[PDB]
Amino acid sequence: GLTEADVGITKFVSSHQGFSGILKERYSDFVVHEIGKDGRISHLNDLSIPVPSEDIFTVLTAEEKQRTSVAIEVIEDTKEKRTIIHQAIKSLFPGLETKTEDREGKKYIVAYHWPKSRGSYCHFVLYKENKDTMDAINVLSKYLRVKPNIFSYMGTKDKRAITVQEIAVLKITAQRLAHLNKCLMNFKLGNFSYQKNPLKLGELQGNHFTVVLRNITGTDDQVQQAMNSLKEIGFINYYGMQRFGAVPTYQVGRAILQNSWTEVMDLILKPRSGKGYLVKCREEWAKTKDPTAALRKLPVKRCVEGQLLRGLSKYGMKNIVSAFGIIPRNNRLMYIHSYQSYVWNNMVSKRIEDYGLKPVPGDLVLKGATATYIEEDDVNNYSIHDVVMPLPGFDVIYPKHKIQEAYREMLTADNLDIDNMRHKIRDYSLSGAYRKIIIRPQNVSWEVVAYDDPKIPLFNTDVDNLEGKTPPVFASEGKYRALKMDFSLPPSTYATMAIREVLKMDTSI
């Protein structure tokens, strides 16, 4: 329903003829490896627990001392070797009795009933398949009987994909985490270390992508030209379709900024084209206009519709400001940020159309963390990769060319004032920020692969390598053709926008 043109995604970098290709046909055709603060590319490649009773038996005995018996096998049997185990168990045995048993030749030691030197945080790699980051944290939180806020990460990674990232957890041992691997299906944990600090959102350097575009209709000339342009110049740094949502998020954001609160409520709760349970909740709302009656139709507690319905039950339909205010702050800002994103995509497309892919006088540039202007005389000292455009807000400056006039027109068309982007409600006041218009991906590599079966993955994942799965080998000719790409992107960048530039085809399905 919502197209790329609807959200201002209309321009391309390369002049090459577009071609077709299938994206995320299998979640194994889209693989993401996080690039850490220090440049390390997270891979699940070590299951060792950092340093007679191994890590498992110690966990088994600790689990026994709290909430029948723990039998430890005596590998190299000796009177001194058995007593050593009795004494070693007695160290990690607060309230545990110990007895030697000879079970038909095989001997056992049967158990009956955080250092300040070691950093507070266990860091580890989380490998996930078709899952959200928060979803993995909730599973680990319920298994470890902890609250999800003791976990930290640098960013969330795509659900429909195989993703690998670093996670930190306050005061949970590596053995406790590793033990969970036996009962976790769509996630695995490894690469354990103990460190001083948690992770911080946005601290990452970016992500590395391995992408398989199935059934490419492109020729070798088309592919080479598409890839060379992506490697040399790159792609227009648009906000992808994910930024815009079922409910078109920028429209809720616009209504919030205009203080059109009845419209905010209707946009979230009223029935619309294209999740089954949300359809029923919205139908019950349209029929009864009763929060209690519509809440009965929601199987999920933490969702925007439920939080707003709980807010309306508390404050009523004559105080939608307070009712909506109940939604967590992060979910509320997301609407107004996607409105800023909508304006930004449109402005960038106008900037490309009117001045091209060259820095022009009047453009804003980023000299480290400071934003400044390109003048007539210093125009040739900058590249298109230094050019920034602002997300609209009260604290930003605008380019000194005609796009400033276009920002003013777009904002005026929504009854908003570029000269005063302050909201009467503090939470909805936007300061603005700067975003690069063109991104050159790093460590770009590609190959066209001939194949016959779509089910067959074209490369190993981290778990395939751990299990010692045979690396895929492919013939020089086949029925179908695939474009296999590898590239690194900075944070707040969309891989779909890089793929869009290669294929020159719109993101629908």
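Start at 1 with the first residue shown and count on from there.
**Student:** What number of deposited residues lacks coordinates in the span between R67 and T68: none, 1 to 3, 4 to 9, or 10 or more?
**Tutor:** Gap size class: 10 or more residues without coordinates, per the record.
**Student:** What number of deposited residues lacks coordinates in the span between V51 and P52: none, 1 to 3, 4 to 9, or 10 or more?
**Tutor:** In the deposited sequence, 4 to 9 residues between these two have no coordinates.
**Student:** Hey, which bit's got the bigger mean C-alpha B factor in the entry, 19 to 27 or 492 to 500?
**Tutor:** On average, C-alpha B-factors are higher across 19 to 27.
**Student:** Averaging C-alpha B-factors over each stretch, which comes out higher, 88 to 96 or 342 to 350?
**Tutor:** It is 88 to 96 that shows the higher mean C-alpha B-factor.
**Student:** Per the coordinate record, which of the options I236, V247, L230, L430 holds the highest CA temperature factor?
**Tutor:** Of the candidates given, the C-alpha B-factor peaks at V247.
**Student:** Which of these, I35, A482, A475, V32, has its C-alpha atom at the highest B-factor, as the entry lists it?
**Tutor:** Across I35, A482, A475, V32, the entry lists the biggest C-alpha B-factor for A475.
**Student:** Rank-wise, by C-alpha B-factor, drop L411 into the lowest, middle or highest third of its chain.
**Tutor:** Its C-alpha B-factor, which the entry lists for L411, ranks in the lowest third among residues of this chain.
**Student:** Looking at the entry's B-factor column for C-alpha atoms only, identify whether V463 ranks in the lowest, middle or highest third of its chain.
**Tutor:** Middle third of the chain for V463's C-alpha B-factor.
**Student:** Which third of the chain holds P271 when residues are ordered by C-alpha B factor: lowest, middle or highest?
**Tutor:** According to the entry, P271 has a C-alpha B-factor in the chain's highest third.
**Student:** Sorting the chain's CA B-factors, does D132 end up in the lowest, middle or highest third?
**Tutor:** Tercile = lowest for this residue's CA B-factor.
**Student:** Pull the Cα B-factor of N191 out of the PDB entry and bin it into the chain's lowest, middle or highest third.
**Tutor:** CA B-factor rank for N191: lowest third.
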